[PDB]
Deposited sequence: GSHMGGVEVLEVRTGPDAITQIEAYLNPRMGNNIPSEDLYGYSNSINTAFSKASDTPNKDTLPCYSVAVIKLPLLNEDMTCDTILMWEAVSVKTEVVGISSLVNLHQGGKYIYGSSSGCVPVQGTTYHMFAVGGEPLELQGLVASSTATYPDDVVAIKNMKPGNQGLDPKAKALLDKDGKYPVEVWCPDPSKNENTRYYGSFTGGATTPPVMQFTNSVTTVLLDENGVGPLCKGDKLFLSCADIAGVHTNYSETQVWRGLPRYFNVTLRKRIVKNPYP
């Protein structure tokens, strides 16, 4: 016999330097208040009369979600180096995928009136971001002559140049359910302190495809080995998860969105004070 090691499993409370946060963000498809009958969907998509006359109704435009998570305060005085929270990894999941596995919800029939109803399908757009400040946005639209509703943030002084990349069309994703997906995208010329990931599939009637698991972690460190650094001890979580459109019996259509869960691991770092 000899003295040797054996590994016992127990609850381990992680180092003081490491923290995890969890959050969920509900979708902002247009009906953005939980009391609303069509919460989690847009209102019926109203189409343009013409190029010149294109005025989407209130609540018909899906917008990005954003949540600001206040982390534990690290610095008593900001005058010294300072400590900052560095986001190192994230686990994220689209919640409610299985809700689409439903052929009895009222709408257009797959075949005739004896069949199931057409499920959510068409254009999809799934993106998330984790950063130490608001996601920086670039404006670009399909048509500069659309008139955007009062309750969304649109491009200022829109002109045909906004159908391409105009460097004046910039914004911060600093309000939940206010920045339309069809107007704003991540600005790749900025966002040095944010990591973002997105996938788009278009088409009129395309089948949606989504996976879900609790086994996958995305590392947030950049090419220099540094994760997002949380300015003022605030963590920004942003996303949009448009699953497709639901078609009603009358052939009116509404966007369907799903919520997203985030689990972010952060660590305390010593940072030279700007």
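Stretches of the deposited sequence absent from the structure, as judged by C-alpha coordinates, are 1, 82, 277-278.
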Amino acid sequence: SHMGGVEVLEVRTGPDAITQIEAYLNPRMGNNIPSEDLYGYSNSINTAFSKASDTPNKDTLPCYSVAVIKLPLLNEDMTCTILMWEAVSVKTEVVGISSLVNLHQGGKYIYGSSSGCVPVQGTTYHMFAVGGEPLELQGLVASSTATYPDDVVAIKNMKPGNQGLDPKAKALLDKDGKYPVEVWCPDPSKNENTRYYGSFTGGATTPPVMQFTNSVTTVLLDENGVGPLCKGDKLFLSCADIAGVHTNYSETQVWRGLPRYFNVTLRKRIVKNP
From here on, numbers count along this sequence of modelled residues.
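Averaged over CA atoms, B-factors in the entry run higher in 16-24 than in the other of 16-24 and 256-264. Stretch comparison (150-158 versus 92-100) by mean CA B-factor in the PDB entry places 150-158 on top. Out of 112, 132, 198, 119, the entry records its largest CA B-factor for 112. In this entry, the residue among 142, 165, 185, 78 with the greatest C-alpha B factor is 78.
Per the deposited record, the Cα B-factor of residue 215 falls in the middle third when ranked against the other modelled residues of its chain. Among all modelled residues in its chain, residue 137 ranks in the lowest third by Cα B-factor. Split the chain's modelled residues into thirds by C-alpha temperature factor. Residue 64 is in the lowest one. Sorting the modelled residues of the chain by their CA temperature factor places residue 202 in the lowest third. In the PDB entry, residue 41 places in the lowest third of its chain by CA B-factor.
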